[PDB]
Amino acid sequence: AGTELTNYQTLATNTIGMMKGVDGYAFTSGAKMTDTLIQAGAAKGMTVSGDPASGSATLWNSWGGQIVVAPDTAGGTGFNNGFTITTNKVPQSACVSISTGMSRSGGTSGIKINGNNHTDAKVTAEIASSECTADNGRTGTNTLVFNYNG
């Protein structure tokens, strides 16, 4: 899951860069925020589909699960808040390597594995192994969420 880890880390970095330029407005849906990012070329290493020519581009992970970058309650009478990067249907093995990798990378403000929100951004191999669920045949059953300031 080396490519996958690098993809989420860079997507986060690109998103932070893009958000530093937004002022006076905020994204109200992941669909729009994700399409804008794709338009800027912030997701080159991932699978892009949907309809980018119409501003409706969608992002996918290596296993065909959807990836969505969405605002995290944008609005605080000041500066832009945070956002989340959610990746779906992640297989068990990948879920463990990706969640622990993002923890070690240290750039998030929180990592979630299914219904487990590690707001301290610390996820160990022992924690991941337990929280990441078994695949259903060849289909991953894990949803990972990476948060980013806040």
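From 1 onward, residues are counted along the sequence shown.
Of the two segments, 77-85 and 94-102, the one listed with the higher mean B-factor is 77-85 (C-alpha atoms only). Of the two segments, 51-59 and 64-72, the one listed with the higher mean B-factor is 51-59 (C-alpha atoms only).
Set against one another, the Cα B-factors of 124, 36, 116, 28 in the record reach their highest point at 28. Annotation for residue 136: CA B-factor lies in the highest third of the chain's modelled residues. Ranked within its chain, residue 6 lands in the lowest third, by CA B factor from the PDB record.
The PDB entry assigns residue 42 a C-alpha temperature factor belonging to the middle third of its chain's modelled residues. In this PDB entry, the Cα temperature factor of residue 128 sits in the middle third of its chain's modelled residues. Looking at the C-alpha B-factors along this chain, the one for residue 143 belongs to the lowest third.
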